[PDB]
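Remarks on the overall topology
Read off the chains here:
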Amino acid sequence: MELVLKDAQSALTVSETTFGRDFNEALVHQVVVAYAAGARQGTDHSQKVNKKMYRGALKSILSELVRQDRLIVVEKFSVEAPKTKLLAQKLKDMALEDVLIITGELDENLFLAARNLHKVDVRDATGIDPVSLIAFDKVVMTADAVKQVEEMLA
Amino acid sequence: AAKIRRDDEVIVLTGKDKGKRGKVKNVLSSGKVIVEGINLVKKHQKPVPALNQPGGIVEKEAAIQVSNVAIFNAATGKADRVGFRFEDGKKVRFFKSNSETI
Amino acid sequence: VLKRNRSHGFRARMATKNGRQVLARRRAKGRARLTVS
RNA sequence: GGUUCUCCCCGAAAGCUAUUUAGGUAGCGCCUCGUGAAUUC
RNA sequence: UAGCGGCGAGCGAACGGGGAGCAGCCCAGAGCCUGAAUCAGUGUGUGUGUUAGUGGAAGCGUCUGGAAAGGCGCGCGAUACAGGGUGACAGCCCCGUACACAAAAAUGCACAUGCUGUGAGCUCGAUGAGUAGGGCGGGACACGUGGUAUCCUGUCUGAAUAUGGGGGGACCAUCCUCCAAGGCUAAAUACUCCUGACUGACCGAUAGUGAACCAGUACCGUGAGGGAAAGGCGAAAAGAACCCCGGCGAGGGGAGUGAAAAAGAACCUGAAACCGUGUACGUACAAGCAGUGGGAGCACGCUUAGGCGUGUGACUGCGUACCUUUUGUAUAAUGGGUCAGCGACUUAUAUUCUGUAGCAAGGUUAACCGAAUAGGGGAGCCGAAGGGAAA
């Protein structure tokens, strides 16, 4: 569908099937439980999850976040210098407190800026888990990040 | 590298006597300092037949935690943190907030 | 002391290879009394 | 000797049958949960 | 798994492929030529690391309370909120983290120079003799000397170099390689008694380890082996001057100190069971493991008449106590003194069956690798030619 922006208002094209599918409550729950079990160390509780089931869950969560406008697509999100204040200010003006900065490529300046903040977390598209996506109140993506998400989801 | 030393003007930050100034008499290895004139404790001194027979009630000084006191700036009239800096190869202490050497 | 240390002492076990394994367990479990005297 | 706390509905047997090789192998009408189910009884 | 066994339960291989976190050497070398190339050992100097340290920004105040780490209003900080301690739950009052520096000694991985160094390229040759087989006398290879292969061969003897031997998923045949005494081969993978850092849907004094402190303890045995209980110190010891009673004690009562003293060396909070005091009710004519219910009298608070409720409650009526073990348990047949704490997991590894959920005629990868759960990878297990006994 069409993903409305808030700064450039530039149209974005995303596959309807991978972002508009119904919300599979049962599938999402099983993946989340499996992810939590895998986090343990039993000091093994890891559970197998089918690749299609894992992918299907991510599509469902992404669709739900879009519907509940918890997902915001923006242009490049970078900080000129590795200072937490700059990141904090760039989020306060945006009125974001619990956000997940999912960027197309990991940037050291952004990574260092968000490392101290606990309500603010920065990750790459590869490093995404269902638990983090649901837990974080808002998720802001980049155009490149969305594009790479489209292809690897397929 | 101790902020509080043998002869320092300190002000209490917390406790029943917060805000009163004093001079540290000695510092214990357990992170405690003894400052005269604030932490008065009435100790019932048991009499002894030795050379000393003070008996009665003595007004001793009870040690307090190092973190409970701060060096008095003596210029801004308020407590201030103290750090270390190297000058001509000698480590010295300095205040903050218009930091100046001791 | 007389007929007690000559057969149940420290040197009574080190004289052969069989008694060496007996004093080996005293090293892992060091009690207050190693041997009688 | 002992299958442990609580709880709602339902719930196989006595001296027997075939009959060997004995503290047992095939096997029990009536009864239970699910399915099939024709006025069949 | 293809095989093997009274084909009873069991035990038990290889090539190819999917994954390269492997790096393939020296001697039999004469002669023209040596301190060569590739490397190691032993010293010094420079540069980069490991093992002891230092500097290192950032919250001032007020209300309640004895005391503030939390609350309200205004800010700084944030490559740093990993954790714990600092009078109550602490980024910024302390102890630890970014950034920036030092080398008198020792050690490890690339590079200048020096001494001793088993030593290359080109040309001219070679590709491993007390052995195989056979004879006499034994044992171990599951097999008693069998229809018997292969492995080891003391003493007395003895061949050959495409005219002799083995292998190509083993009759006979052909071509190539190979055909007996040499010398070496790192790391990863195995293993956790000691150090530092880090981690957790493990536990918190009958738990965990015999043992959280003076636990490899007191104590017992000839030695050895084996083998208990016990911190809930307080934020800071402010851990009772003086006076009274008494035995110049123990124990207890005042005062003083402290936010709190039935927490006073049994010392934060102090349950059940056992054993007492004060008040109220019943019993000295009551029915033998009698509890609830019905009923009268009395007491501390119903209550602007209201025998409304609880404990106690003379007397009446109904009923052969309870659990385990059994063809029965009211039994001269048998078992437990009670309370508190603790206590006999349905897990891991195959197969089979059921329920739940994603592409709709590509449903599924394990280990390893990976910005360490996604992506990438299909060599297997479970399926996609039914109908047809089978074909």
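Residues numbered from 1 in each chain as written, not as in the entry; some residues may be left out. Chains lettered and ligands numbered in written order. Part of a larger assembly, values for the part shown. Heavy atoms only, no water. Residues with missing side-chain atoms left out of burial classes, pairs and counts.

1. A look at the overall build of chain B
For the record, the criterion: Secondary structure elements follow DSSP: runs of H or I no shorter than four residues count as helices, runs of E no shorter than two count as strands, and numbering proceeds from the N terminus. Contacts are residue-level and defined by heavy atoms, with any inter-residue pair within 4.5 Å sufficient.
Of the regular secondary structure elements, chain B holds zero helices and nine strands. For chain B, the sequential pattern of α-helices and β-strands runs β-β-β-β-β-β-β-β-β. Seen through its C-alpha atoms, chain B measures out along the principal axes to roughly 55 × 30 × 20 Å. At a minimum sequence separation of 6, the contacts of chain B that also span at least 24 residues come to 27%.

2. Points about the sheet that holds strand β2 (residues 99-103) of chain A
Residue and element names in this part refer to chain A. As a reminder of what qualifies: Should DSSP find at least two bridges between two strands, the strands are taken to pair. For every element, the axis is a line fit to its C-alpha atoms; helices are fit only across the contacting stretch, and the angle between N-to-C directions ranges from 0 to 180 degrees.
Strand order across the open sheet formed by four strands is β1-β4-β2-β3, with parallel pairing between neighbours. The strands lining the two open edges of the sheet, one partner per strand, are β1 (71-74) and β3 (120-124). Direction aside, neighbouring strands of the sheet carry axes that sit 20 degrees apart on average. Sheet topology places β2 next to strand β4 (residues 138-142); three bridges connect them, and they run parallel. Pairing of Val 99 across the sheet is with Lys 138, part of β4. Docked against the sheet, helix α7 (residues 143-153) engages β1 and β4, running at close to 90 degrees with respect to β4.

3. Some details on the pairing of β3(A)
Residues and elements named next belong to chain A. Counted only if it meets this: We call a crossover right-handed when, viewed with the strands running away from us, the connection from the first strand over the helix to the second turns clockwise.
Relative to β3, β2 is paired through five bridges, and the arrangement is parallel. Bridged to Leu 100 within β3 is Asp 121. Handedness of the crossover is the feature at issue here: the chain leaves β2, passes through helix α5 (residues 108-116), returns alongside β3, and the resulting connection is right-handed.

4. Concerning the pairing of β4(A)
Consecutive side chains along a regular strand alternate between the two faces of the sheet. Pairing of β1(A) with β4(A) involves four bridges; the strand directions are parallel. Directly across from A:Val73, in β4(A), lies its bridge partner A:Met141.

5. Examining the sheet that holds strand β2 (residues 21-28) of chain B
All names here are of chain B. The sheet built from five strands is open, its strands ordered β6-β3-β2-β1-β7 with antiparallel pairing. Strands at the two margins of the open sheet, each flanked by one partner only, are β6 (64-65) and β7 (69-71). With three bridges joining them, strand β1 (residues 9-12) and β7 adopt antiparallel strand pairing. Pairing of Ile 11 across the sheet is with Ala 70, part of β7.

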